[PDB]
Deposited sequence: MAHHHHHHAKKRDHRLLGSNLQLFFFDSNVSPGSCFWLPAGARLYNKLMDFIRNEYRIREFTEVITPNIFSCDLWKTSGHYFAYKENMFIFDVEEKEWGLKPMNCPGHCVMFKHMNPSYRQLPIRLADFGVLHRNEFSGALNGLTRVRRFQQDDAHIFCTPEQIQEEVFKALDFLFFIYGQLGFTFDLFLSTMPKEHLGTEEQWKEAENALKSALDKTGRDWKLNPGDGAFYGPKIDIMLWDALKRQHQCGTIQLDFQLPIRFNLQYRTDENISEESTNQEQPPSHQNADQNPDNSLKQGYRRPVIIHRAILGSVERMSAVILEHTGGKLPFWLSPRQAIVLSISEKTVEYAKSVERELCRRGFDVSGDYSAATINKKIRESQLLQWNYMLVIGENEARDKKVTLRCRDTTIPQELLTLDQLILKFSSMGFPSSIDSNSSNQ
């Protein structure tokens, strides 16, 4: 039983209400811990890799999307409303507002690349009949980011973007196929732009040494792309990760930068990219991927403290308290139920560790640590040894 809708109920992660907000998700405490941990995983790498998170508005005057050129095509699937007799809408994507920020920042070449990351809430007006769990939603957050760079920087930025994907997907336990899609018949921008960018893309792909397939003429109207199809442990494929070059928004927003239209000024290239895709969808994939057996650094339920008998409950609670104060996601079972009943019950919510506290542990001021994977032998640790162990199982890092 691995459907994410079922796991979201069984593991008390999230639920939907089809009468008050069909297509959006209610994330219970445990679900919200997973959601935020997935984003914080990405953020930890953002710091390592010089991405700068920004915060942008959610609602805009529809002039923004008339500027960006998205209005005619997206209006039908956007939530739109009048504000003082002007047409506004909820954002279905982040890119236009990032162009406004780039414009404001007004950088020179010495400050390129600029890498604006944004986890902002997005909305699309999906038909009610199409709605399905976390896979087809009206409300989602993306690990979205835009790299603004010189044409000469494309190769190195795309190579770093590929490395970033390889790191995250490998830590989530996915494999993946790479696809390069090149200039379609109808295309915005000059041929020299496309040739220069396609060579840099091809060059980055080659430098990884990984296999990759060419899809000639399947690029976007506004730029070539690399598509990444990932494969979960059920051997299903998902298109979550994207690297999409964009010659159009630089022109439409009149983006420019002084070098080493205007003279002496070139246009930046925009790289749209995402790794998780939508946190909502990646959450679903991972839950089905693992059957709900999440790794310690994603898990909402990291360690439960189980008292063998009432006599050790107070000591057992002090252990849970310190673990909570140290930032771990813990709970306790201090009922009069037998210790074996307490273990079986705690298998149900997939706790990564079970801390068994009996008289021997309270006497020697130690803890008995058991793993959800019962093939790993138990350990008798001091609280400080426990904390050191737990601390070594935070986010995997690309510099560690």
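In this chain, the deposited residues that lack C-alpha positions fall in the ranges 1-10, 271-296, 437-442.
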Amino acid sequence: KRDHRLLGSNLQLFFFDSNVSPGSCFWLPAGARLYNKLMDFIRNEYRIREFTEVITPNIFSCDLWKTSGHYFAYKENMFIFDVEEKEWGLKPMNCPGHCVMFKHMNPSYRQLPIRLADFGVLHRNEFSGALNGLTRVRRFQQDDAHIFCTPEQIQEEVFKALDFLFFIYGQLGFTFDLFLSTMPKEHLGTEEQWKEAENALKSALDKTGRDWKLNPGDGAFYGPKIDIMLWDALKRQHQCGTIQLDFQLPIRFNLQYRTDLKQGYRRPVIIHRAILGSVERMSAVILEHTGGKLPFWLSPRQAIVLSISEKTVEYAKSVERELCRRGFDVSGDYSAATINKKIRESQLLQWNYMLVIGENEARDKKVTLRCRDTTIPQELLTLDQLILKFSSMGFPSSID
From here on, numbers count along this sequence of modelled residues.
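Once the C-alpha B-factors are averaged per stretch, 248-256 and 224-232 rank with 248-256 first. For the pair 304-312 and 268-276, the mean B factor over Cα atoms is greater in 304-312. Set against one another, the Cα B-factors of 324, 183, 243, 122 in the record reach their highest point at 183. For the set 190, 141, 135, 94, the PDB entry puts the maximum C-alpha B factor at 190. In the PDB entry, a CA B factor belonging to the lowest third of its chain's modelled residues is recorded for residue 43. Ranked by Cα temperature factor within the chain, residue 358 sits in the highest third according to the deposited record. Sort the modelled residues of the chain by CA B factor and residue 53 lands in the lowest third. In this PDB entry, residue 37 carries a Cα temperature factor that places it within the lowest third of its chain's modelled residues. In the PDB entry, residue 69 places in the highest third of its chain by CA B-factor.
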